[PDB]
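Here the structure is laid out as structure tokens; the discussion comes afterwards.
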Amino acid sequence: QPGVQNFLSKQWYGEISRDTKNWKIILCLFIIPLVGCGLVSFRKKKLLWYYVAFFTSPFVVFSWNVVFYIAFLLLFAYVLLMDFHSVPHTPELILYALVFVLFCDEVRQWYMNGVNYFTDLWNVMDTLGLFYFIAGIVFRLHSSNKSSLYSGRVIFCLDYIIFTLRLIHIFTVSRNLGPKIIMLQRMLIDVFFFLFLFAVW
Amino acid sequence: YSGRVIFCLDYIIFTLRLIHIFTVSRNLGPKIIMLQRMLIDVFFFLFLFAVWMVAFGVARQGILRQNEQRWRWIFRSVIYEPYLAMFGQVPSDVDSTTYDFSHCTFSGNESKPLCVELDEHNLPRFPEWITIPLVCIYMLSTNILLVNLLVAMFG
Amino acid sequence: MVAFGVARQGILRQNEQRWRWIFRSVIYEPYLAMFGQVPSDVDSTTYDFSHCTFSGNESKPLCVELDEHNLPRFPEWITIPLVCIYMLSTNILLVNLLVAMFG
Ligand SMILES: CC(C)CCC[C@@H](C)[C@H]1CC[C@H]2[C@@H]3CC=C4C[C@@H](OC(=O)CCC(=O)O)CC[C@]4(C)[C@H]3CC[C@]12C
Ligand SMILES: CC(C)CCC[C@@H](C)[C@H]1CC[C@H]2[C@@H]3CC=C4C[C@@H](OC(=O)CCC(=O)O)CC[C@]4(C)[C@H]3CC[C@]12C
Ligand SMILES: CC(C)CCC[C@@H](C)[C@H]1CC[C@H]2[C@@H]3CC=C4C[C@@H](OC(=O)CCC(=O)O)CC[C@]4(C)[C@H]3CC[C@]12C
Ligand SMILES: CC(C)CCC[C@@H](C)[C@H]1CC[C@H]2[C@@H]3CC=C4C[C@@H](OC(=O)CCC(=O)O)CC[C@]4(C)[C@H]3CC[C@]12C
Ligand SMILES: CC(C)CCC[C@@H](C)[C@H]1CC[C@H]2[C@@H]3CC=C4C[C@@H](OC(=O)CCC(=O)O)CC[C@]4(C)[C@H]3CC[C@]12C
Ligand SMILES: FC(F)(F)c1ccccc1-c1cc(C(F)(F)F)c2[nH]c(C3=NOC4(CCCCC4)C3)nc2c1
Ligand SMILES: FC(F)(F)c1ccccc1-c1cc(C(F)(F)F)c2[nH]c(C3=NOC4(CCCCC4)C3)nc2c1
Ligand SMILES: CCCCCCCCCP(=O)(C(C)C)C(C)C
């Protein structure tokens with residue numbers, strides 16, 4: 001109902017006024033100074049408080065996390081394709097640190113919930129990705145051998161596929177792509193029938 | 001020649017104005033107007049396509065070749081070939097060990113793709129049983145399912 | 001087709017002076033691109049030469065312009081995106097739109 005949606009939108013934008021356009025707030029996110037300016041309108045209510053409100057909003061936190069995840073994917077790809085060696089270099093250690101941060105957050109989410117946590121597909125995929133990353137690390141530290149390194153690299157590539165596919169899940173709140181992403185679940189039986197006939201033939 | 005290229009791009013821009021000027025025909029006009037309403041479906045299609053291309057290209061490049069060190073060929077192998085896969089071309093002739101070699105360079109001197117990693121014996125080191133299913137799934141998702149979904153949304 | 005063919009022909013080759021090959025390069029190849037064929041093997045510098053004539057004596061497409069060194073002069077970073085966009089618009093979007101309108 002519209003009332004609950006408006007309440008959720010107000011919570012989502014936090015202090016920032018919902019009347020503000022998204023591109024303005026994104027631009028102010030990318031360049032800090034403009035938040036001190038009047039480009040972004042704060043409905044609820046000194047620059048210090050302005051910045052605190054701007055950076056306490058879950059909307060901005062989500063956007064920042066998306067940027068961080070994209071940068072993490074870029075670093076992962078660069079390490080995998082261009083700077084993979086017998087002994088890990090600095091970028092790979094940074095990647096390990098970022099994955100450790102993701103793992104600690106995942107453990108927090110584990111503890112908050114119970115075994116119902118693993119009843120969702122995406123949580124299972126996250127756990128699988130972390131486990132495969134750990135397995136790749138284990139394989140890759142046998143630098144003397146020339147086959148364990150490549151096994152770890154393949155593990156990392158599959159894990160990269162799994163990591164990349166999470167973007168679809170995280171972009172289900174866009175209000176333009178979300179409904180269409182949701183609608184894909186309803187179309188699986190047609191695919192099953194198609195594959196059945198195709199396989200028989 | 002720089003001026004000639006500028007003129008060619010300007011010619012593209014000039015030619016595209018015919019669509020705007022022919023929006024008063026009463027037969028083509030409404031259909032031309034209706035194209036504005038269909039951009040979000042295109043955006044969703046491109047979003048899924050780009051995600052899948054990135055994943056597949058990175059995985060394949062990492063599994064076949066190591067340490068390219070060339071940006072142009074990195075982007076050619078990661079982005080261009082999966083993109084062409086949408087039009088019916090199998091993404092890689094290198095996905096199968098049979099169709100390999102004689103089109104590679106061990107050193108980046110030549111304008112050829114980097115050669116696949118080799119084991120202690122001089123034979124390719126990647127496993128076909130991983131690559132082939134990968135390419136099969138990618139082609140199935142891109143060529144067939146996504147295009148039909150776009151058709152349905154347009155309808 | 002008109003836009004893409006004129007742009008590509010101007011960017012690759014200069015002063016054809018032959019009408020038949022002008023229309024073959026400008027109209028025929030983009031038209032075939034609708035049926036799944038990539039418009040040009042010449043859009044990429046790797047797949048070029050040995051199928052060209054510097055003079056119009058032979059029944060071959062005119063050779064691409066060359067720089068002070070004997071290497072092709074066009075930029076791939078312009079041609080390849082052009083062909084990508086053209087194929088995307090023609091092969092996929094337009095045909096699906098036609099299907100929808102027919103329905
Ligand atoms: C660090 C570098 C390498 C990344 C630059 C690439 C950009 C194209 C990416 C980075 C940050 C991304 C943005 C971060 C947050 C958002 C908001 C998002 O819109 C919403 O989620 C609205 C949610 C709602 O309406 O409730 C659309 C994508 C956008 C602009 C993301 C789209 C693409 C951006 C601009
Ligand atoms: C280039 C390779 C080797 C490294 C992988 C980088 C990717 C993480 C980059 C490349 C292309 C980018 C994407 C191109 C298109 C989109 C959709 C876009 O979605 C929206 O902005 C929705 C906005 C709205 O709904 O209004 C978010 C960014 C994303 C995934 C871009 C951000 C990140 C991507 C996947
Ligand atoms: C041939 C190349 C090298 C030079 C470029 C010439 C173009 C400007 C010519 C070639 C094909 C012609 C087009 C073929 C089809 C049409 C649609 C036509 O639209 C209508 O007549 C609508 C009538 C109605 O709605 O009833 C107008 C002319 C146009 C653009 C023709 C006029 C001009 C075009 C684009
Ligand atoms: C569920 C849908 C989306 C995928 C169905 C497509 C099939 C055609 C795929 C699925 C599993 C694939 C098979 C999995 C494993 C192999 C062994 C492979 O043979 C080898 O290369 C072995 C190499 C060696 O022995 O060293 C040939 C392909 C095949 C039958 C793959 C070929 C294509 C298959 C049958
Ligand atoms: C937004 C949609 C409709 C287009 C997305 C399709 C992509 C596959 C296109 C868009 C930008 C293109 C890239 C822009 C520039 C280059 C460099 C080019 O390398 C060169 O030829 C450089 C030549 C030199 O160094 O002298 C190879 C293609 C690439 C990655 C192009 C290949 C195809 C790309 C990624
Ligand atoms: F129209 C469509 F969307 F196809 C589709 C239509 C109807 C029902 C399901 C789908 C669908 C949805 C998704 C999801 F939304 F879940 F992503 C799909 N994902 C994939 C693949 N995943 O990874 C691949 C690319 C990366 C390499 C491995 C293979 C392809 N195929 C999907 C089919
Ligand atoms: F069904 C369709 F129409 F595809 C379409 C369907 C749904 C949404 C948008 C479009 C659309 C519309 C137009 C426009 F109506 F605005 F023209 C397009 N124009 C182009 C290109 N412009 O120039 C190119 C040819 C010349 C060389 C450069 C590339 C292709 N692609 C479009 C896609
Ligand atoms: C195999 C999937 C890996 C998921 C690992 C958990 C990452 C969570 C993604 P995020 O929480 C952001 C903090 C990167 C998303 C909601 C923006």
Side-chain angles (χ1 to χ4, degrees), chain A residues 22-23 26 66-67 69-78 80-81 121 158 160-165 167-171 173-178 180-181 183-192 194, chain B residues 9 12-13 15-16 18-20 31-32 34-61 74-75 78-79 82 133-150 152-154, chain C residues 1-8 30 81-90 92-98 100:
Chain A
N22 285 267
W23 68 269
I26 284 163
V66 162
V67 164
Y69 194 64
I70 293 177
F72 161 80
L73 290 178
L74 270 163
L75 180 72
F76 201 166
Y78 171 87
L80 220 54
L81 304 181
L121 180 287
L158 304 185
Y160 182 92
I161 288 177
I162 301 177
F163 274 109
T164 311
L165 292 183
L167 295 174
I168 294 173
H169 175 242
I170 61 171
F171 276 107
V173 70
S174 184
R175 103 188 186 272
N176 281 326
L177 312 175
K180 307 189 187 294
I181 291 168
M183 181 168 56
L184 297 180
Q185 304 166 0
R186 309 292 216 94
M187 314 262 260
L188 285 168
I189 288 164
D190 305 329
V191 176
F192 178 44
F194 160 94
Chain B
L9 304 185
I12 288 177
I13 301 177
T15 311
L16 292 183
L18 295 174
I19 294 173
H20 175 242
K31 307 189 187 294
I32 291 168
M34 181 168 56
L35 297 180
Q36 304 166 0
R37 309 292 216 94
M38 314 262 260
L39 285 168
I40 288 164
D41 305 329
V42 176
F43 178 44
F44 174 67
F45 160 94
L46 293 174
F47 165 69
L48 284 180
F49 190 16
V51 172
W52 296 346
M53 286 203 312
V54 168
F56 169 80
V58 175
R60 173 167 147 273
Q61 186 69 0
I74 278 282
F75 286 105
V78 170
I79 303 289
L134 204 74
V135 175
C136 295
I137 301 167
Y138 174 71
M139 290 287 290
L140 174 71
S141 303
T142 48
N143 264 262
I144 293 161
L145 304 181
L146 193 56
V147 180
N148 310 146
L149 185 68
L150 183 66
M153 302 215 284
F154 278 178
Chain C
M1 286 203 312
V2 168
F4 169 80
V6 175
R8 173 167 147 273
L82 204 74
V83 175
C84 295
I85 301 167
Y86 174 71
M87 290 287 290
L88 174 71
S89 303
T90 48
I92 293 161
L93 304 181
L94 193 56
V95 180
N96 310 146
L97 185 68
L98 183 66

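Scope of the values below: all heavy atoms of this structure, side chains included, with no hydrogens, waters or symmetry mates. Note that ligands are numbered from 1 as they come in the structure, with each ligand's atoms numbered from 1 the same way. Just so it is clear: chains get the letters A, B, ... in the order the sequence lines come, proteins before strands, and each one is counted from 1.
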Starting from [atom], find the nearest protein heavy-atom neighbour and note its residue, name and distance.
{"atom": "atom 26 (C) of ligand 7", "answer": "C/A3 CB, 3.9 Å"}
{"atom": "atom 14 (C) of ligand 2", "answer": "B/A50 CB, 4.6 Å"}
{"atom": "atom 25 (C) of ligand 7", "answer": "C/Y86 CD1, 4.6 Å"}
{"atom": "atom 28 (C) of ligand 7", "answer": "C/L82 CD1, 4.3 Å"}
{"atom": "atom 13 (C) of ligand 6", "answer": "B/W52 CZ2, 4.0 Å"}
{"atom": "atom 27 (C) of ligand 6", "answer": "B/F56 CB, 4.3 Å"}
{"atom": "atom 35 (C) of ligand 2", "answer": "A/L167 CD1, 4.4 Å"}
{"atom": "atom 4 (F) of ligand 7", "answer": "C/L93 CB, 3.6 Å"}
{"atom": "atom 30 (C) of ligand 2", "answer": "B/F47 CE1, 3.9 Å"}
{"atom": "atom 27 (C) of ligand 2", "answer": "A/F171 CZ, 3.4 Å"}
{"atom": "atom 24 (C) of ligand 2", "answer": "A/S174 OG, 3.0 Å"}
{"atom": "atom 19 (O) of ligand 2", "answer": "B/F43 CZ, 3.7 Å"}
{"atom": "atom 33 (C) of ligand 2", "answer": "A/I70 CD1, 3.7 Å"}
{"atom": "atom 3 (C) of ligand 2", "answer": "B/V78 CG1, 4.3 Å"}
{"atom": "atom 9 (C) of ligand 6", "answer": "A/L188 CD2, 4.3 Å"}

I'd like to know if [atom] has any protein heavy atom within a distance of less than 4.0 Å.
{"atom": "atom 22 (C) of ligand 2", "answer": "yes"}
{"atom": "atom 16 (F) of ligand 7", "answer": "no"}
{"atom": "atom 1 (C) of ligand 2", "answer": "no"}
{"atom": "atom 11 (C) of ligand 6", "answer": "no"}
{"atom": "atom 19 (N) of ligand 7", "answer": "no"}
{"atom": "atom 12 (C) of ligand 2", "answer": "no"}

Identify the two heavy atoms, one from [X] and one from [Y], that lie closest to each other, and give their separation to 0.1 Å.
{"X": "A/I170", "Y": "A/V173", "value": "O-CG1, 4.0 Å"}
{"X": "A/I168", "Y": "A/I181", "value": "O-CD1, 3.7 Å"}
{"X": "B/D41", "Y": "B/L150", "value": "O-CD1, 4.0 Å"}
{"X": "A/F171", "Y": "A/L177", "value": "O-CB, 4.1 Å"}
{"X": "B/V58", "Y": "A/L81", "value": "O-CD2, 3.6 Å"}

Find the distance between [atom1] ([X]) and [atom2] ([Y]) and round it off to the nearest 0.5 Å.
{"X": "B/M53", "Y": "B/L48", "atom1": "CE", "atom2": "CG", "value": "11.5 Å"}
{"X": "B/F44", "Y": "B/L39", "atom1": "CZ", "atom2": "CG", "value": "15.5 Å"}
{"X": "A/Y69", "Y": "A/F163", "atom1": "OH", "atom2": "CZ", "value": "6.0 Å"}
{"X": "B/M139", "Y": "B/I137", "atom1": "CE", "atom2": "CD1", "value": "13.0 Å"}
{"X": "B/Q61", "Y": "B/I74", "atom1": "CD", "atom2": "CD1", "value": "5.0 Å"}
{"X": "A/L80", "Y": "A/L75", "atom1": "CG", "atom2": "CG", "value": "10.5 Å"}

Exercise. Tell me which part of B/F75 gets within contact of ligand 2: side chain, backbone, both or neither, using heavy atoms under 4.0 Å.
Key: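 Under 4.0 Å from ligand 2, B/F75 contributes no heavy atoms.
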Practice problem: Using a 4.0 Å heavy-atom threshold (strictly under), name the region of A/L74 that reaches ligand 2: side chain, backbone, both or neither. | Solution: side chain
Quiz prompt | Over 12 foreign heavy atoms within 6.0 Å of CD1, B/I40 | solution = no
Quiz item: What part of B/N148, side chain from CB on, backbone N/CA/C/O, both or neither, has a heavy atom under 4.0 Å from ligand 6?
Solution: neither
Practice problem: Check whether any side-chain N or O of A/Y78 sits under 3.5 Å from a backbone N or O of A/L73 as a donor-acceptor pair, and report yes or no. | Solution: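 Pair absent, no side-chain N/O of A/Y78 close to backbone of A/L73.
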Exercise. Check for a donor-acceptor pair, side chain of B/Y138 on one end and backbone N or O of B/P82 on the other, with a separation under 3.5 Å.
Key: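 Yes, because the side chain of B/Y138 sits within donor-acceptor range (under 3.5 Å) of the backbone of B/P82.
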Quiz prompt | Enumerated ligand 7 atoms positioned under 4.0 Å from heavy atoms of C/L97 | solution =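 Listed by number with element: 1 (F).
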Practice problem: State the atoms of ligand 7, each with its element, that fall below the 4.0 Å cut-off from a heavy-atom position in C/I85. | Solution: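 This gives 29 (C) as the contact atoms.
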Exercise. Check step by step if side-chain contact (heavy atoms from CB on, under 4.5 Å) holds for A/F194 and B/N148.
Key: CA-CA 13 Å; A/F194 160 94; B/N148 310 146; over 6 Å; no
Considering [options], which one's heavy-atom position lies nearest to [atom]?
{"atom": "atom 7 (C) of ligand 6", "options": "A/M187, B/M53, B/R60", "answer": "A/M187"}
{"atom": "atom 22 (N) of ligand 6", "options": "A/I162, B/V58, A/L165", "answer": "A/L165"}
{"atom": "atom 31 (N) of ligand 6", "options": "B/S141, B/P133, B/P82", "answer": "B/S141"}

Exercise. Test side-chain contact (heavy atoms from CB on, under 4.5 Å) on C/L97 and B/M38 and set out the steps.
Key: CA-CA 10 Å; C/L97 185 68; B/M38 314 262 260; 3.2 Å; yes
Exercise. State if A/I161 counts as touching ligand 6 under the rule of any non-hydrogen atom under 4.0 Å.
Key: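 Not so, A/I161 does not reach ligand 6.
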Self-check item: ligand 2 contacted by A/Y78 (non-hydrogen, < 4.0 Å)
Solution: no
Exercise. For A/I168, take its heavy atoms, then give the atoms of ligand 6 lying under 4.0 Å from any of them.
Key: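 Heavy-atom distances to A/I168 below 4.0 Å select 17 (F).
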Quiz item: Under 4.0 Å from any heavy atom of A/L184, which atoms of ligand 6 are there?
Solution: 8 (C), 15 (F)
Exercise. Heavy-atom contacts with B/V54 under 4.0 Å: which atoms of ligand 2 show up? List them by number with element.
Key: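 Counting atoms of ligand 2 from 1, those under 4.0 Å from B/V54 are 5 (C).
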Quiz prompt | Student check: side-chain heavy atoms of C/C84 and C/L88 closer than 4.5 Å | solution =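 Contact flag for C/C84/C/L88 side chains = no.
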Practice problem: Apply the test side-chain contact (heavy atoms from CB on, under 4.5 Å) to residues A/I161 and B/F56: give CA-CA distance (whole Å), side-chain angles for both, the deciding distance (0.1 Å), then the verdict. | Solution: CA-CA 7 Å; A/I161 288 177; B/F56 169 80; over 6 Å; no
